[PDB]
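Trainee: The structure's right below; bear with me while I get my questions together.
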Amino acid sequence: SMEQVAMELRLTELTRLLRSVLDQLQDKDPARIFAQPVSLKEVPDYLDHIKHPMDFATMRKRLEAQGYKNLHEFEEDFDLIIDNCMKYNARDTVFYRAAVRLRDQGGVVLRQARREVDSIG
């Protein structure tokens with residue numbers, strides 16, 4: 001149908017917007033602490049601690065599969081990265097501190113993407 005196509009075009013554009021948002025969020029992690037999933041070979045007990053792991057590579061796979069339907073779903077995944085890290089790691093670690101900084105610096109990027117998605121529909 002012509003409607004299914006117009007939907008596919010919106011999803012494609014949402015996907016293009018979220019790709020740019022992702023690139024901006026990931027620049028706020030220059031040390032690449034959150035670039036890849038926590039290694040289960042190096043932290044074998046990780047899944048006894050964290051039930052829904054997340055990282056930027058995994059969000060990117062989902063993104064390119066156009067698996068985000070809206071910004072809310074995308075934000076949930078970003079928030080997992082941060083919140084998992086702040087539970088697993090203690091306050092006085094390079095990892096916890098890097099999440100705090102990603103959170104604070106990402107909020108500006110997310111604040112405007114929310115407006116651009118309401119605006120552009």
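Labels used: A, B, ... for chains in the order of the structure tokens, numbers from 1 for residues in each chain, and numbers from 1 for ligands as shown.
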Can you pull out every residue within 10 Å of residue 49 (chain A), counting only C-alpha atoms, but drop anything in the same chain fewer than 5 positions away, and send it as a VMD selection string?
Mentor: chain A and resid 84 87 to 88
Trainee: List the spatial neighbours of region 24-38 of chain A as a PDB file with N, CA, C and O atoms, in the first residue's frame - criterion: any atom at most 12 Å away, only C-alpha atoms, same-chain residues fewer than 4 positions off excluded.
Mentor:
```
ATOM      1  N   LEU A  17      17.608  10.293  12.001  1.00  0.00           N
ATOM      2  CA  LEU A  17      17.743  11.213  13.141  1.00  0.00           C
ATOM      3  C   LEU A  17      18.448  10.534  14.353  1.00  0.00           C
ATOM      4  O   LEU A  17      19.412  11.111  14.954  1.00  0.00           O
ATOM      5  N   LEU A  18      17.991   9.325  14.703  1.00  0.00           N
ATOM      6  CA  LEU A  18      18.566   8.603  15.841  1.00  0.00           C
ATOM      7  C   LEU A  18      20.016   8.208  15.582  1.00  0.00           C
ATOM      8  O   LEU A  18      20.811   8.143  16.518  1.00  0.00           O
ATOM      9  N   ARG A  19      20.388   7.978  14.328  1.00  0.00           N
ATOM     10  CA  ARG A  19      21.788   7.706  14.024  1.00  0.00           C
ATOM     11  C   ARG A  19      22.682   8.886  14.391  1.00  0.00           C
ATOM     12  O   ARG A  19      23.783   8.690  14.913  1.00  0.00           O
ATOM     13  N   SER A  20      22.204  10.099  14.134  1.00  0.00           N
ATOM     14  CA  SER A  20      22.955  11.314  14.445  1.00  0.00           C
ATOM     15  C   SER A  20      23.013  11.525  15.986  1.00  0.00           C
ATOM     16  O   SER A  20      24.050  11.934  16.515  1.00  0.00           O
ATOM     17  N   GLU A  42      35.662 -11.869  30.489  1.00  0.00           N
ATOM     18  CA  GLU A  42      36.387 -11.082  31.542  1.00  0.00           C
ATOM     19  C   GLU A  42      35.626 -10.757  32.854  1.00  0.00           C
ATOM     20  O   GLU A  42      36.266 -10.503  33.908  1.00  0.00           O
ATOM     21  N   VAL A  43      34.288 -10.693  32.770  1.00  0.00           N
ATOM     22  CA  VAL A  43      33.421 -10.568  33.934  1.00  0.00           C
ATOM     23  C   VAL A  43      32.378 -11.685  33.868  1.00  0.00           C
ATOM     24  O   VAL A  43      31.199 -11.462  33.470  1.00  0.00           O
ATOM     25  N   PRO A  44      32.818 -12.916  34.210  1.00  0.00           N
ATOM     26  CA  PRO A  44      31.922 -14.085  34.075  1.00  0.00           C
ATOM     27  C   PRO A  44      30.658 -14.001  34.926  1.00  0.00           C
ATOM     28  O   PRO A  44      29.679 -14.605  34.524  1.00  0.00           O
ATOM     29  N   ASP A  45      30.660 -13.269  36.029  1.00  0.00           N
ATOM     30  CA  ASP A  45      29.458 -13.184  36.909  1.00  0.00           C
ATOM     31  C   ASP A  45      28.523 -11.987  36.581  1.00  0.00           C
ATOM     32  O   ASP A  45      27.530 -11.726  37.339  1.00  0.00           O
ATOM     33  N   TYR A  46      28.815 -11.281  35.469  1.00  0.00           N
ATOM     34  CA  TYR A  46      28.151  -9.994  35.201  1.00  0.00           C
ATOM     35  C   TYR A  46      26.611 -10.102  35.163  1.00  0.00           C
ATOM     36  O   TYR A  46      25.874  -9.214  35.650  1.00  0.00           O
ATOM     37  N   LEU A  47      26.140 -11.166  34.554  1.00  0.00           N
ATOM     38  CA  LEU A  47      24.711 -11.400  34.424  1.00  0.00           C
ATOM     39  C   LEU A  47      23.975 -11.787  35.720  1.00  0.00           C
ATOM     40  O   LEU A  47      22.732 -11.700  35.734  1.00  0.00           O
ATOM     41  N   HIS A  49      24.496  -9.869  38.214  1.00  0.00           N
ATOM     42  CA  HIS A  49      24.391  -8.484  38.688  1.00  0.00           C
ATOM     43  C   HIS A  49      23.474  -7.649  37.829  1.00  0.00           C
ATOM     44  O   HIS A  49      22.654  -6.899  38.354  1.00  0.00           O
ATOM     45  N   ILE A  50      23.613  -7.767  36.526  1.00  0.00           N
ATOM     46  CA  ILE A  50      22.931  -6.929  35.579  1.00  0.00           C
ATOM     47  C   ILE A  50      22.124  -7.807  34.684  1.00  0.00           C
ATOM     48  O   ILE A  50      22.664  -8.688  33.983  1.00  0.00           O
ATOM     49  N   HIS A  52      19.735  -6.786  32.264  1.00  0.00           N
ATOM     50  CA  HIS A  52      19.594  -6.292  30.903  1.00  0.00           C
ATOM     51  C   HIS A  52      20.800  -5.416  30.506  1.00  0.00           C
ATOM     52  O   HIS A  52      20.732  -4.164  30.582  1.00  0.00           O
ATOM     53  N   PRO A  53      21.884  -6.072  30.068  1.00  0.00           N
ATOM     54  CA  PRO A  53      23.052  -5.346  29.635  1.00  0.00           C
ATOM     55  C   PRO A  53      22.779  -4.552  28.405  1.00  0.00           C
ATOM     56  O   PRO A  53      21.945  -4.963  27.571  1.00  0.00           O
ATOM     57  N   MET A  54      23.534  -3.460  28.247  1.00  0.00           N
ATOM     58  CA  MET A  54      23.405  -2.629  27.072  1.00  0.00           C
ATOM     59  C   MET A  54      24.737  -1.909  26.848  1.00  0.00           C
ATOM     60  O   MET A  54      25.504  -1.736  27.787  1.00  0.00           O
ATOM     61  N   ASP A  55      24.965  -1.502  25.603  1.00  0.00           N
ATOM     62  CA  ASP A  55      26.184  -0.807  25.158  1.00  0.00           C
ATOM     63  C   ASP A  55      25.885  -0.136  23.813  1.00  0.00           C
ATOM     64  O   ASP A  55      24.852  -0.382  23.206  1.00  0.00           O
ATOM     65  N   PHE A  56      26.778   0.724  23.369  1.00  0.00           N
ATOM     66  CA  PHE A  56      26.585   1.455  22.149  1.00  0.00           C
ATOM     67  C   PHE A  56      26.639   0.572  20.899  1.00  0.00           C
ATOM     68  O   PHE A  56      25.904   0.853  19.954  1.00  0.00           O
ATOM     69  N   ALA A  57      27.476  -0.471  20.838  1.00  0.00           N
ATOM     70  CA  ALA A  57      27.441  -1.323  19.658  1.00  0.00           C
ATOM     71  C   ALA A  57      26.086  -2.049  19.475  1.00  0.00           C
ATOM     72  O   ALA A  57      25.583  -2.282  18.355  1.00  0.00           O
ATOM     73  N   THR A  58      25.507  -2.442  20.580  1.00  0.00           N
ATOM     74  CA  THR A  58      24.270  -3.222  20.574  1.00  0.00           C
ATOM     75  C   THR A  58      23.127  -2.283  20.129  1.00  0.00           C
ATOM     76  O   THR A  58      22.306  -2.696  19.338  1.00  0.00           O
ATOM     77  N   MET A  59      23.134  -1.022  20.577  1.00  0.00           N
ATOM     78  CA  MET A  59      22.130  -0.004  20.167  1.00  0.00           C
ATOM     79  C   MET A  59      22.214   0.312  18.676  1.00  0.00           C
ATOM     80  O   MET A  59      21.193   0.527  18.023  1.00  0.00           O
ATOM     81  N   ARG A  60      23.449   0.367  18.165  1.00  0.00           N
ATOM     82  CA  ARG A  60      23.746   0.551  16.767  1.00  0.00           C
ATOM     83  C   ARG A  60      23.222  -0.629  15.891  1.00  0.00           C
ATOM     84  O   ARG A  60      22.653  -0.375  14.850  1.00  0.00           O
ATOM     85  N   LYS A  61      23.351  -1.886  16.325  1.00  0.00           N
ATOM     86  CA  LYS A  61      22.798  -3.031  15.582  1.00  0.00           C
ATOM     87  C   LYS A  61      21.263  -2.893  15.497  1.00  0.00           C
ATOM     88  O   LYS A  61      20.639  -2.996  14.413  1.00  0.00           O
ATOM     89  N   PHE A  74      14.661   4.264  22.318  1.00  0.00           N
ATOM     90  CA  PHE A  74      16.054   4.611  22.176  1.00  0.00           C
ATOM     91  C   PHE A  74      16.631   5.120  23.489  1.00  0.00           C
ATOM     92  O   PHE A  74      17.649   4.659  23.903  1.00  0.00           O
ATOM     93  N   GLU A  75      15.916   6.027  24.132  1.00  0.00           N
ATOM     94  CA  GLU A  75      16.272   6.567  25.426  1.00  0.00           C
ATOM     95  C   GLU A  75      16.331   5.521  26.507  1.00  0.00           C
ATOM     96  O   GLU A  75      17.223   5.610  27.363  1.00  0.00           O
ATOM     97  N   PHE A  78      19.631   3.877  26.204  1.00  0.00           N
ATOM     98  CA  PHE A  78      20.725   4.744  26.641  1.00  0.00           C
ATOM     99  C   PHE A  78      20.829   4.810  28.176  1.00  0.00           C
ATOM    100  O   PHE A  78      21.886   4.663  28.753  1.00  0.00           O
ATOM    101  N   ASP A  79      19.688   4.974  28.801  1.00  0.00           N
ATOM    102  CA  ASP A  79      19.537   4.918  30.221  1.00  0.00           C
ATOM    103  C   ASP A  79      19.988   3.607  30.853  1.00  0.00           C
ATOM    104  O   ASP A  79      20.587   3.678  31.937  1.00  0.00           O
ATOM    105  N   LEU A  80      19.764   2.455  30.194  1.00  0.00           N
ATOM    106  CA  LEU A  80      20.338   1.175  30.663  1.00  0.00           C
ATOM    107  C   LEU A  80      21.845   1.211  30.757  1.00  0.00           C
ATOM    108  O   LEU A  80      22.392   0.654  31.689  1.00  0.00           O
ATOM    109  N   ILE A  81      22.499   1.703  29.709  1.00  0.00           N
ATOM    110  CA  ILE A  81      23.982   1.810  29.704  1.00  0.00           C
ATOM    111  C   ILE A  81      24.437   2.484  31.036  1.00  0.00           C
ATOM    112  O   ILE A  81      25.288   1.973  31.773  1.00  0.00           O
ATOM    113  N   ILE A  82      23.820   3.628  31.316  1.00  0.00           N
ATOM    114  CA  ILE A  82      24.221   4.482  32.417  1.00  0.00           C
ATOM    115  C   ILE A  82      23.862   3.801  33.729  1.00  0.00           C
ATOM    116  O   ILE A  82      24.677   3.746  34.679  1.00  0.00           O
ATOM    117  N   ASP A  83      22.607   3.351  33.820  1.00  0.00           N
ATOM    118  CA  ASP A  83      22.123   2.870  35.099  1.00  0.00           C
ATOM    119  C   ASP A  83      22.797   1.509  35.465  1.00  0.00           C
ATOM    120  O   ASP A  83      23.044   1.277  36.643  1.00  0.00           O
ATOM    121  N   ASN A  84      23.110   0.663  34.482  1.00  0.00           N
ATOM    122  CA  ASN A  84      23.793  -0.592  34.750  1.00  0.00           C
ATOM    123  C   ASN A  84      25.162  -0.329  35.331  1.00  0.00           C
ATOM    124  O   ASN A  84      25.576  -0.953  36.304  1.00  0.00           O
ATOM    125  N   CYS A  85      25.858   0.604  34.706  1.00  0.00           N
ATOM    126  CA  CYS A  85      27.194   0.998  35.147  1.00  0.00           C
ATOM    127  C   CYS A  85      27.252   1.550  36.580  1.00  0.00           C
ATOM    128  O   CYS A  85      28.151   1.226  37.383  1.00  0.00           O
ATOM    129  N   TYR A  88      26.697  -1.565  38.953  1.00  0.00           N
ATOM    130  CA  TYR A  88      27.783  -2.531  38.964  1.00  0.00           C
ATOM    131  C   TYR A  88      29.039  -1.956  39.559  1.00  0.00           C
ATOM    132  O   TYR A  88      29.699  -2.619  40.380  1.00  0.00           O
ATOM    133  N   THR A  93      35.043   5.036  41.082  1.00  0.00           N
ATOM    134  CA  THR A  93      35.712   4.347  39.983  1.00  0.00           C
ATOM    135  C   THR A  93      35.676   5.192  38.743  1.00  0.00           C
ATOM    136  O   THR A  93      34.734   5.949  38.517  1.00  0.00           O
ATOM    137  N   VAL A  94      36.626   4.937  37.873  1.00  0.00           N
ATOM    138  CA  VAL A  94      36.616   5.594  36.570  1.00  0.00           C
ATOM    139  C   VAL A  94      35.322   5.260  35.768  1.00  0.00           C
ATOM    140  O   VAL A  94      34.790   6.119  35.063  1.00  0.00           O
ATOM    141  N   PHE A  95      34.780   4.066  35.938  1.00  0.00           N
ATOM    142  CA  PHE A  95      33.600   3.639  35.203  1.00  0.00           C
ATOM    143  C   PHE A  95      32.376   4.413  35.672  1.00  0.00           C
ATOM    144  O   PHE A  95      31.613   4.954  34.825  1.00  0.00           O
ATOM    145  N   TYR A  96      32.151   4.485  36.995  1.00  0.00           N
ATOM    146  CA  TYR A  96      30.949   5.209  37.516  1.00  0.00           C
ATOM    147  C   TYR A  96      31.040   6.674  37.117  1.00  0.00           C
ATOM    148  O   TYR A  96      30.044   7.296  36.637  1.00  0.00           O
ATOM    149  N   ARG A  97      32.220   7.255  37.276  1.00  0.00           N
ATOM    150  CA  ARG A  97      32.411   8.658  36.947  1.00  0.00           C
ATOM    151  C   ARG A  97      32.138   8.985  35.454  1.00  0.00           C
ATOM    152  O   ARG A  97      31.633  10.093  35.103  1.00  0.00           O
ATOM    153  N   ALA A  98      32.552   8.086  34.586  1.00  0.00           N
ATOM    154  CA  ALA A  98      32.329   8.208  33.143  1.00  0.00           C
ATOM    155  C   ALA A  98      30.834   8.146  32.782  1.00  0.00           C
ATOM    156  O   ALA A  98      30.386   8.859  31.904  1.00  0.00           O
ATOM    157  N   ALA A  99      30.066   7.317  33.483  1.00  0.00           N
ATOM    158  CA  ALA A  99      28.626   7.287  33.304  1.00  0.00           C
ATOM    159  C   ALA A  99      27.974   8.571  33.757  1.00  0.00           C
ATOM    160  O   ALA A  99      27.058   9.030  33.123  1.00  0.00           O
ATOM    161  N   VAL A 100      28.401   9.137  34.897  1.00  0.00           N
ATOM    162  CA  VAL A 100      27.812  10.369  35.368  1.00  0.00           C
ATOM    163  C   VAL A 100      27.985  11.477  34.289  1.00  0.00           C
ATOM    164  O   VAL A 100      27.060  12.254  34.003  1.00  0.00           O
ATOM    165  N   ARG A 101      29.184  11.553  33.752  1.00  0.00           N
ATOM    166  CA  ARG A 101      29.536  12.551  32.725  1.00  0.00           C
ATOM    167  C   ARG A 101      28.771  12.355  31.411  1.00  0.00           C
ATOM    168  O   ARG A 101      28.328  13.318  30.814  1.00  0.00           O
ATOM    169  N   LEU A 102      28.604  11.104  30.995  1.00  0.00           N
ATOM    170  CA  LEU A 102      27.770  10.746  29.828  1.00  0.00           C
ATOM    171  C   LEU A 102      26.315  11.099  30.015  1.00  0.00           C
ATOM    172  O   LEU A 102      25.683  11.678  29.098  1.00  0.00           O
ATOM    173  N   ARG A 103      25.780  10.811  31.210  1.00  0.00           N
ATOM    174  CA  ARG A 103      24.440  11.214  31.590  1.00  0.00           C
ATOM    175  C   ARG A 103      24.281  12.741  31.458  1.00  0.00           C
ATOM    176  O   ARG A 103      23.398  13.227  30.726  1.00  0.00           O
ATOM    177  N   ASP A 104      25.109  13.490  32.174  1.00  0.00           N
ATOM    178  CA  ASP A 104      24.928  14.959  32.223  1.00  0.00           C
ATOM    179  C   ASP A 104      25.085  15.567  30.797  1.00  0.00           C
ATOM    180  O   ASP A 104      24.215  16.334  30.350  1.00  0.00           O
ATOM    181  N   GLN A 105      26.113  15.131  30.075  1.00  0.00           N
ATOM    182  CA  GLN A 105      26.381  15.650  28.739  1.00  0.00           C
ATOM    183  C   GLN A 105      25.410  15.179  27.629  1.00  0.00           C
ATOM    184  O   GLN A 105      25.227  15.865  26.595  1.00  0.00           O
ATOM    185  N   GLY A 106      24.824  14.007  27.831  1.00  0.00           N
ATOM    186  CA  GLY A 106      23.855  13.472  26.907  1.00  0.00           C
ATOM    187  C   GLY A 106      22.517  14.177  27.042  1.00  0.00           C
ATOM    188  O   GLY A 106      21.797  14.260  26.052  1.00  0.00           O
ATOM    189  N   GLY A 107      22.173  14.657  28.251  1.00  0.00           N
ATOM    190  CA  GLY A 107      20.855  15.295  28.527  1.00  0.00           C
ATOM    191  C   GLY A 107      20.492  16.491  27.649  1.00  0.00           C
ATOM    192  O   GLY A 107      19.323  16.765  27.386  1.00  0.00           O
ATOM    193  N   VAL A 108      21.525  17.195  27.217  1.00  0.00           N
ATOM    194  CA  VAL A 108      21.447  18.341  26.315  1.00  0.00           C
ATOM    195  C   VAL A 108      21.093  17.839  24.905  1.00  0.00           C
ATOM    196  O   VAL A 108      20.225  18.403  24.232  1.00  0.00           O
ATOM    197  N   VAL A 109      21.754  16.756  24.482  1.00  0.00           N
ATOM    198  CA  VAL A 109      21.546  16.159  23.158  1.00  0.00           C
ATOM    199  C   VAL A 109      20.137  15.563  23.050  1.00  0.00           C
ATOM    200  O   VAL A 109      19.472  15.744  22.021  1.00  0.00           O
ATOM    201  N   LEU A 110      19.702  14.876  24.108  1.00  0.00           N
ATOM    202  CA  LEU A 110      18.369  14.264  24.212  1.00  0.00           C
ATOM    203  C   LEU A 110      17.230  15.294  24.349  1.00  0.00           C
ATOM    204  O   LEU A 110      16.146  15.131  23.769  1.00  0.00           O
ATOM    205  N   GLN A 112      17.116  18.210  22.927  1.00  0.00           N
ATOM    206  CA  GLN A 112      16.796  18.763  21.621  1.00  0.00           C
ATOM    207  C   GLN A 112      16.226  17.719  20.634  1.00  0.00           C
ATOM    208  O   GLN A 112      15.375  18.046  19.743  1.00  0.00           O
ATOM    209  N   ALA A 113      16.684  16.477  20.757  1.00  0.00           N
ATOM    210  CA  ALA A 113      16.118  15.436  19.924  1.00  0.00           C
ATOM    211  C   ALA A 113      14.643  15.266  20.259  1.00  0.00           C
ATOM    212  O   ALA A 113      13.872  15.021  19.342  1.00  0.00           O
TER     213      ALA A 113
END
```
Trainee: Kindly give the distance, in Å, that separates CA of residue 116 (chain A) and CA of residue 3 (chain A), rounded to a single decimal.
Mentor: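 About the pair CA of residue 116 (chain A) and CA of residue 3 (chain A): they are 22.9 Å apart.
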Trainee: What are the DSSP helix (DSSP H, G or I) residues of chain A, as a PyMOL selection string?
Mentor: chain A and resi 2-27+46-49+56-64+71-88+94-120
Trainee: Just give me the gap between CA of residue 4 (chain A) and CA of residue 70 (chain A) in Å, one decimal is fine.
Mentor: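 Rounded to one decimal, the two atoms are 16.8 Å apart.
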Trainee: Between CA of residue 69 (chain A) and CA of residue 11 (chain A), what is the distance in Å, rounded to a tenth?
Mentor: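 Separation between CA of residue 69 (chain A) and CA of residue 11 (chain A): 7.1 Å.
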Trainee: Which residue out of A:2, A:90, A:7, A:63 has the minimum interatomic distance to residue 22 (chain A) when only C-alpha atoms are used?
Mentor: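 Using only C-alpha atoms, the shortest distance to residue 22 (chain A) belongs to A:63.
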